[PDB]
Each structure stands twice: as C-alpha cells, then as structure tokens.
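Shown below, as structure tokens, is a lone chain in the form deposited in one PDB entry; questions about how it binds or moves come after it.
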C-alpha cells in the first residue's frame, strides 16, 4: 500500500482511541505520580471537557492552546480538543507574552487551556484554568470529520526569521502510530512521555501508547537523567521510549545501564553517534533500537531503521526506509529519481504523513508542497532539504543539509537568519553565532563587533528563551582563515 499513502485510508485519532477504550476500558491509559487513569476514565473526562469546548466553539476547526507540564489533565485536554474537531497548540506561558500573542494571532488560537497547578500570569492572552471550568451541557453529538481534519499545530523556526505554523492531520498521527514494525517490540506499549508538546516527538510518545491500548507514563519526576529514567522504568513500568540523539548520548556516557528494562528505544533528531550506539547495544543486546528520521512537515517520522549488529561497523547508522503510510524518493539536481546506491540526492516524502501545510504562510505552502511523479502518478510531495544516499541494501544513509539550518535543543533554527538579525541591532557591525555542547545541551554563543555600549539586550528580551544565546560577547575582530575554532577558543579567554 499503495493507498496507505492516502490520508482517508487512516482512521481519525478519535475513532481509533474510541476503539481502544471500548476494547480495553480498564487497562491503564496514564501513569503519573498520583496513580493511574484507565481508558474509560480518560474518555469520560475528555468527553466532559469536550462538552465545554463545543459549548464555546460549536463548529469544528478551531485552534486551541494547551499550557502546562505533563499531567493527566494536559493529556485529557489533547483528547478533548481532538474530540471537538479542534486542533491543539502548545503555548509556553513562561515565554514573553508579546511572542505568544503573535503566535496566537498567526494561527488564530482562540483560547488557551491552562493546566498548571501554580498560577502563572496570562498577560492578556485568552487563558482558562483547566481545573476550574464551569459545567457544560452533555454534547448531543460531537462533530463529524475525516482523517484530513487538523489535529495540531507545531511552529517551526527552521526557515527565515518568522515562525511557520505546521498543521498536522489526524491521518498523520494514526499512520505514524498504527501497523508499524518499528513499534512491535513492547506488547504493553508503555511509553515514556517526556518530550514537550512543542515537539512532534510527543506525537509518538502520547499517541503511540493511547492508539495501541498502551500507557502514557508521564515524566512528572524531573528533567530526564539516568536516575529519573531508572525510576520511570523501575517504579512505573515504562518499556518504550524516545530519546533525542544528544540525550541518548549523554545517558549512555553517564550510566548506560539506565536504559535497562526498555524493550524499544527510538532515537534520532540528529545524526546518530555510532560510538554511543555501539556502547548502548553492546551493553543491551536484546534492546530494539530504532533510528527515526523525519521533518515536522511529514509528521514525526519519515524513515526508520531498526539497528542491527552489522550497522555497528558502519560510519553512520542508516535511517532506513519509509514508515508505513509514507513513501520516499531521492531526487537529483535535475529533479530525476536516483535509482542507484552511493549517489547523493534530496529526500522527498509522499503520503499520509504530509502536513496540510504552513497554516500561516500560503506562498510557502505552495512552494514547499508540490506534485511530483511517484510510480506512475503525480502525488503531493514535500521536499525536505535533507541530503542522503542509498546503500547497497536500498536503505537511506543521511548526509546533511546545504542550507544553514541547525538543530538546537529539539528545534530547527535558521541560524544565518537569526545572525543577520543580530547584525541589524544598532552599533553592531558584524556578528557570529556558534554552537557548543555542555552536558546534553547545545548552547548558542554570540560574538559581535561594534561600539562598546552596543550589547543586544533588547533583542534577547524579545526572543523565545530557546533562541537566546547563552553568552553575548563583544570581540575586537572576528578571526578569518570565518574561524569557528579560533572564535570558540577566544570565547574563553577568562570565562
């Protein structure tokens, strides 16, 4: 299938969830520090909240915000939003209010469901306390929709300087989570829920469990590290997890035994480090490790590869082949399909994972999502900007990008755009943005030339936390051979 590529070949999230809740009413849907919530309780709570949402927004298709740390409440919000025909958006209320207001305008986010326990100012944004909502009439009938309905929006900073809203579909989610061989190693499907909702890794962590009758094991313990992971596996029974590459590498460096008890571990988001994958698999030979690759426009994963014994001898771990519901081609400079190994091209994705588009940029949607030949037929397709090559087994081997896009703590970032943006502060002549790694975290560093009193504080105040350089340093001149090593080193220099 060959028609798994069709969005309508996939069920809505709410139909599949309903199937699971009917089949397994008393299985554990959510495990948190307070206890468990089962499928029936989850469905009842979400139906009630949906009654409220529908009372405010009776016609399907509105964007609704969710704020808070992972809790049974936030999970319930996501389901109630989907049940209502609406789509969810993560809003971090600890970001600058002006920034959030503009995100909300971009996607017409009507209301934000505040799940925090402790009061956090809303600063005029349309927030309601989720524990404090008023009763609503039980919905006579919930809206009807197909799998092409928008499930959620994720904002991407990966291109230019304006955040682009990616609208992902019910089908993208159900195609991601159902019938996949790379998810087949943990009958109980107890997923660590760790990745915040601003990342589509969350889509896998949450819906991979709930659409399979599994359990969302929420990390309400603290920042994920070896101890917290060990607790979440040992005390709560998590058997399945996503860990982004740099987090994987750190956990493996520090305490590779902290993975013990995981049945399936998926990692990715950056080029995997073969030495760390080697260390992990040599310690846990029965562990099923998956390299997942894909952009957000294709809903979480595009290709996955189950890591083998032989793979540990290569310079890179394959990113493998198309997940079910997806197809890929590799295209040359001339826009022609590359049918042979060891010839580099651009990855192009087709199928049921394709986002509806950039909710807030029509021109960019028209430019990024285009019809291209697949087999015999013109199909909608997303050009990823990722370069790869096939190996002798017809597996994809990730090469890199030709643009300036980097991955910073889970986010794509157009680095040269942000850099150019620093240049435009008055009194600054030139500026260079660098990246380094401390512990498991990439830090942005900003070097600049210009007047002594010219520090770009007013810009930092306007940026989201995750884009603010860890250090802004004025230098006398920038080293040329630009020199990344010289610059980095000259940054301490007394620091």
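Between two forms, the rigid core is the largest collection of C-alphas that superpose within 1.5 Å. Positions refer to the first chain, counted from 1.
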| query | finding |
| --- | --- |
| Greater mean Cα temperature factor according to the PDB record, 224-232 or 372-380 | 372-380 |
| Mean temperature factor over C-alpha atoms, higher-scoring stretch between 326-334 and 279-287 | 326-334 |
| Given 60, 68, 440, 65, the residue at which the Cα B factor reaches its maximum | 440 |
| Maximum C-alpha temperature factor, selected from 106, 159, 74, 308 | 159 |
| Modelled-residue ranking by C-alpha temperature factor, third containing residue 470 | highest |
| Modelled-residue ranking by C-alpha temperature factor, third containing residue 34 | middle |
| Lowest, middle or highest third - CA B-factor, residue 135 | highest |
| Third of the chain's Cα B-factor distribution that residue 423 belongs to, per the entry | highest |
| Residue 416 by Cα B-factor - lowest, middle or highest third of the modelled chain | highest |
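Note that the form deposited in another entry isn't included here; everything after this is about it.
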| property | result |
| --- | --- |
| Displaced position between the shown form and the other one, chosen from 111, 370, 306, 133 (C-alpha, 2 Å or more, rigid core) | 133 |
| C-alpha of residue 428 off by 2 Å or more between the shown form and the other one on rigid core | no |
| Core-aligned C-alpha movement of residue 158 between the shown form and the other one reaching 2 Å | yes |
| Yes/no, residue 186 Cα shift of 2 Å or more between the shown form and the other one with rigid core fixed | yes |
| Distance direction in that other deposited form for the C-alpha atoms of residue 178 and residue 185, relative to the displayed form (3 angstroms or more) | closer |
| In that other deposited form, shift in Cα separation for residue 228 relative to residue 437, 3 Å or more | farther |
